[PDB]
Amino acid sequence: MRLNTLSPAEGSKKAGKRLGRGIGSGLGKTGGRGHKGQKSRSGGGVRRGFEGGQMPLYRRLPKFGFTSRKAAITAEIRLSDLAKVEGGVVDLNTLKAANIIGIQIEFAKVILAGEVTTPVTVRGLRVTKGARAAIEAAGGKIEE
Amino acid sequence: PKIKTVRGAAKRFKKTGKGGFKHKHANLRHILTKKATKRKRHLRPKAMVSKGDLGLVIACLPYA
Amino acid sequence: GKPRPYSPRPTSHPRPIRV
Amino acid sequence: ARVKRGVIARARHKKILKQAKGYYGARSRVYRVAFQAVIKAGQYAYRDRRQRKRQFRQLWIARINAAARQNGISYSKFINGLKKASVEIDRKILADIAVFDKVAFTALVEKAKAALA
Amino acid sequence: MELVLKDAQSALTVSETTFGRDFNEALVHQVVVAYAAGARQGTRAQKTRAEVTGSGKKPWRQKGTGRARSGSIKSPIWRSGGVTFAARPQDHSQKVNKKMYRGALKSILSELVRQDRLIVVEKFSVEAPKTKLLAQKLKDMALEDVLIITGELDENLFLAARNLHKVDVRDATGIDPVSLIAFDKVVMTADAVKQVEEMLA
RNA sequence: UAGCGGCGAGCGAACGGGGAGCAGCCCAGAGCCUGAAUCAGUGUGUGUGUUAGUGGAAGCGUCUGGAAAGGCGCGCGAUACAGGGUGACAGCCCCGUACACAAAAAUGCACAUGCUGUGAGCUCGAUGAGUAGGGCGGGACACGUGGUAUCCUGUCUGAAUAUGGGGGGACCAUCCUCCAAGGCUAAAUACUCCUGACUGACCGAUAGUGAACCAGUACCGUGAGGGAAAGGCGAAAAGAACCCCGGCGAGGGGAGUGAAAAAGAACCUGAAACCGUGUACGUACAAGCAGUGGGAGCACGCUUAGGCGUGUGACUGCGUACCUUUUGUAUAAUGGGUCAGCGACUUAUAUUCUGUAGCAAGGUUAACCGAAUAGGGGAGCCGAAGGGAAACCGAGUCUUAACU
Ligand SMILES: *[C@H]1O[C@H](CO)[C@H](O)[C@H](O)[C@H]1NC(C)=O
Ligand SMILES: [Mg+2]
Ligand SMILES: [Mg+2]
Ligand SMILES: [Mg+2]
Ligand SMILES: [Mg+2]
Ligand SMILES: [Mg+2]
Ligand SMILES: [Mg+2]
Ligand SMILES: [Mg+2]
Ligand SMILES: [Mg+2]
Ligand SMILES: [Mg+2]
Ligand SMILES: [Mg+2]
Ligand SMILES: [Mg+2]
Ligand SMILES: [Mg+2]
Ligand SMILES: [Mg+2]
Ligand SMILES: [Mg+2]
Ligand SMILES: [Mg+2]
Ligand SMILES: [Mg+2]
Ligand SMILES: [Mg+2]
Ligand SMILES: [Mg+2]
Ligand SMILES: [Mg+2]
Ligand SMILES: [Mg+2]
Ligand SMILES: [Mg+2]
Ligand SMILES: [Mg+2]
Ligand SMILES: [Mg+2]
Ligand SMILES: [Mg+2]
Ligand SMILES: [Mg+2]
Ligand SMILES: [Mg+2]
Ligand SMILES: [Mg+2]
Ligand SMILES: [Mg+2]
Ligand SMILES: [Mg+2]
Ligand SMILES: [Mg+2]
Ligand SMILES: [Mg+2]
Ligand SMILES: [Mg+2]
Ligand SMILES: [Mg+2]
Ligand SMILES: [Mg+2]
Ligand SMILES: [Mg+2]
Ligand SMILES: [Mg+2]
Ligand SMILES: [Mg+2]
Ligand SMILES: [Mg+2]
Ligand SMILES: [Mg+2]
Ligand SMILES: [Mg+2]
Ligand SMILES: [Mg+2]
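Residues numbered from 1 in each chain as written, not as in the entry; some residues may be left out. Chains lettered and ligands numbered in written order. Part of a larger assembly, values for the part shown. Heavy atoms only, no water.

- What the deposited record gives as its method is cryo-EM, and the resolution it gives is 2.30 Å.

- The name recorded for chain B in the PDB entry is 50S ribosomal protein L35, from Escherichia coli BW25113.
- The title line of the PDB record says "Cryo-EM structure of the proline-rich antimicrobial peptide drosocin bound to the terminating ribosome".
- Quoted verbatim from the Sequence similarities (unreviewed entry) field of UniProt, the annotation for chain B is "Belongs to the bacterial ribosomal protein bL35 family." (UniProt positions renumbered as here; feature names shortened; annotations may be inferred.)

- The PDB entry lists chain A under the name 50S ribosomal protein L15, from Escherichia coli BW25113.
- Comment text from UniProt for chain A, heading Sequence similarities, reads "Belongs to the universal ribosomal protein uL15 family."

Written out as structure tokens, the structure is:
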């Protein structure tokens, strides 16, 4: 192990395409752009979604729905998270100390995802039927 | 700089679980009287972007 | 190398009009 | 990191100019003309390695046709004769014998004549 | 795992996780390269056709002259023209994951033990800030090219080493991967090995 | 992202979070006490920069060579082996460098201390009107008049004034929060005509500045304005006394200098196109991309005196350049007089996929701090759950009164 005996792993350093450097290389002359038309030109190419003038897919389909401001401040908590909090009292603000939900979240919900294996006390969260079973099954106590 | 979303596409397509996109059917906005109830009923539910169109949609929605 | 070209100078004959 | 092309370009051009020695005029002096000429020499060389085999067989056959007709038989009969008599000496050797050992060639023509008899 | 001290003639226990693991050449390479790239200043520029000094006057009319059409005297095709893709100052620094950096240190130290290059002592200092003293100490300890990692950097040993080009003297906080590989032998003080252990975990 | 948007192309926040920095005050006024805080200006000492500088270690012999710093040998200094120079490559020959010192004079900065103005503190007040708001027209807000809050105002108007007023995105009620129509305010921030020092996986004379050179010059233009080319003798000029041909020339030959003059100033190296002298072979009855395959003869050099190598190439088979563009080009389609140098897929940031590496239900930090390529910093971001327009539900969910 000297500075002139370190090699990279095989396949870690693929050499970049160099266009317009002769016949041998297989990217000489046109450099893979083919012959003429818009796509062969410096700065050439049509914009994203462009279909040649046909009404593009993202404009012949109707807009639908609206964005909820409520959804943005609503988080989901996995059973695997309940353990990661300090105190065994899964409040809204103990989840925030734990870095489990964001600082702006106002409404959390515990769902049947992962296995809770400790007595945990869920206070002031919504909890799924599946989750309620699993927390109660480990001695946990869900209160409003 | 960040790629910019094609905002019109973001209003037409939602990303689903396996990574496809759902979208609303065309032809259910107006001129409804002359259309068969059967036709209209089959246009109500959302639909999945076809294989052909995915490339275009993906380009438009880099942050989907 | 090449010298800078001259501005238009007088022409001895008109270009033939194919039209 | 700027790379001057001088030394490498010099060597590429010399490589080509050296292969163009003996060519007429610009063809041995002028890179642009020497290059075209060295390529075309290459193309002819490839083509002619094949043609050389065609030209030599054609020569050999002509000489065997002479030597055989001297011995009172055509090339076509003689070669047919040599196959019926199961002789496998190839045209390069027949031709070489036809020039250098005319006794031996007569022997071969007799063996041919026998097979057809 | 036990590192024997050559000065006092004893042993010193160290983590197998820091001095025992196999040599991940690929990972060390990525980190050595990233270190070299982090040393680059990246200070240069050429002039584009935009930046070269001259007017935007079309040198001659588009048609009729019998010459190649021209638009700017700054065209990169022209002598004295812009550089087609003129360099700007670049940041060549790479991100190295904390864990990949620490990984590479562990791989290098583990190799410095296997090739008998990590010479661990208990106490390494000199009396006065004199280069003659350290040169004498190094010929006795029988090494020329060496990296000396001490606990707290002694002003005297710092000054003594300063004018010996083969010799470098650092505190444990100051071990870089390139220096650990670059030097023939690495002399770590027992105190330093404790810090390098604590530092890498 | 939310939004805005011929809902096109595009435009694009805020709240909130992490950091750098952090500083508060005054007038709209009268009395009391006083002139006491704090800012400046002004001298006077004090340190400490700046504007000249001082000292600053240690090498000899021999070999090659024109010359030694190079080879070999044996020494010595190093808080100095940064860098530069010196007849080739010098830690010890020189200038420096580390380090330690220095200011009559002027001046920046900091405190300290007189002097001049400056006016603190407490009490009782007061609390910015053609203004807020409105109508009409514009503009600014990410926000294009939109359901459009907010800001600004050209035009026309016009309150309340703390029991009051502004805002919380049409609007109303409630609640919350702030107090416009007077003003000042350091730091974190932006920039470099310019000074010093230092650095470069920046250039090295068609590059790098237009400009390495007496260049914004010569030159061009009425003028604004445009705008070149052009670097290198040698270590040292020792830059060639003298002689000779020549027009008391140019140019040259000797001589001499020098390591070298085929380093002689038109000067390092000295390529190619291009132009000659000489030698070998071929060539004046022979038709075309000029080669190629065959091949005699001649000349030359070798190691069997012999083949082999080299040059030439009579004669003979085959054979219509290259590039581009095209269905297709010997094409009488395009482009190139030739050479030399330069001349075209980059860079930045996003995003996706592949390979590779680390770690793995986790992974990873950004700014920033830190002398730190370390270490800190987890603010965030991506992932581990989806369905639904949404509320919401959740390994399900949506659809539907309900699903086989
Ligand atoms: C020369 O040609 C020019 C065009 O280029 C004018 O037509 C001009 O009049 C011509 N003059 C003659 C003499 O024909
Ligand atoms: Mg190809
Ligand atoms: Mg083309
Ligand atoms: Mg085409
Ligand atoms: Mg194409
Ligand atoms: Mg362009
Ligand atoms: Mg149309
Ligand atoms: Mg967080
Ligand atoms: Mg409808
Ligand atoms: Mg030219
Ligand atoms: Mg270079
Ligand atoms: Mg030649
Ligand atoms: Mg330039
Ligand atoms: Mg870090
Ligand atoms: Mg000295
Ligand atoms: Mg010597
Ligand atoms: Mg020399
Ligand atoms: Mg007020
Ligand atoms: Mg208002
Ligand atoms: Mg108003
Ligand atoms: Mg209004
Ligand atoms: Mg309001
Ligand atoms: Mg409150
Ligand atoms: Mg220049
Ligand atoms: Mg040069
Ligand atoms: Mg003039
Ligand atoms: Mg003379
Ligand atoms: Mg020289
Ligand atoms: Mg010369
Ligand atoms: Mg020449
Ligand atoms: Mg004739
Ligand atoms: Mg003849
Ligand atoms: Mg002819
Ligand atoms: Mg022919
Ligand atoms: Mg055609
Ligand atoms: Mg043809
Ligand atoms: Mg034709
Ligand atoms: Mg042609
Ligand atoms: Mg022709
Ligand atoms: Mg054309
Ligand atoms: Mg032409
Ligand atoms: Mg979800």
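**Comments concerning the interface of chain B and chain A**
And then number 1: Taken residue by residue, the interface counts 23 residues in chain B and 11 residues in chain A.
And then number 2: Summed over both partners, the interface of chain B with chain A comes to about 1500 Å²; 67% of that surface belongs to carbon and sulfur atoms.
And then number 3: Broken down residue by residue, the surface that chain B buries against chain A is led by B:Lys11, B:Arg12 and B:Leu56, which jointly contribute 33%.
And then number 4: Applying the counting criterion to the chain B and chain A interface returns zero salt bridges.
And then number 5: At the boundary of chain B and chain A, one finds five residue pairs in polar contact.
And then number 6: Residues of the side of chain B that touches chain A, tallied by class, amount to 11 nonpolar, three polar and nine charged. (Contact = heavy atoms within 4.5 Å. Buried area = accessible area lost by both parts, 1.4 Å probe. Salt bridge = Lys/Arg side-chain N within 4 Å of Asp/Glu carboxyl O. Polar contact = N/O pair within 3.5 Å; in protein donor to acceptor, adjacent residues only side chain to side chain. Nonpolar A, V, L, I, M, F, W, Y, C, P; charged D, E, K, R; others polar.)

**Structural notes on the packing of aromatic side chains**
And then number 1: Throughout the structure, instances matching the rule amount to four aromatic pairs over all chains.
And then number 2: For the pair D:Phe78 and D:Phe105, a centre-to-centre distance of 5.1 Å together with 55° between the ring planes defines the contact as tilted. Here D:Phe78 is found in helix α3 (residues 75-84), whereas its partner D:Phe105 is found in helix α5 (residues 102-116), with 27 residues between them in sequence.
And then number 3: A relative accessible area of 0% places D:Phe78 in the buried class.
And then number 4: Here D:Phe105 falls in the buried class, since its relative accessible area comes to 1%.
And then number 5: Over the aromatic face of A:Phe64 sits the side chain of B:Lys14, whose NZ or CZ is 4.3 Å from the ring centroid.
And then number 6: Directly above the aromatic system of A:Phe64 lies the positively charged group of B:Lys46, at a separation of 3.2 Å from the ring centroid. (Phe/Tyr/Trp six-rings, centres within 6.5 Å; stacked < 30°, edge-to-face > 60°. Helix = DSSP H or I, 4+ residues; strand = E, 2+ residues; numbered from the N terminus. Buried < 20%, exposed > 50% of the residue type's maximum accessible area, 1.4 Å probe, protein only. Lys NZ or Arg CZ within 6 Å of the ring centre and 35° of its normal.)

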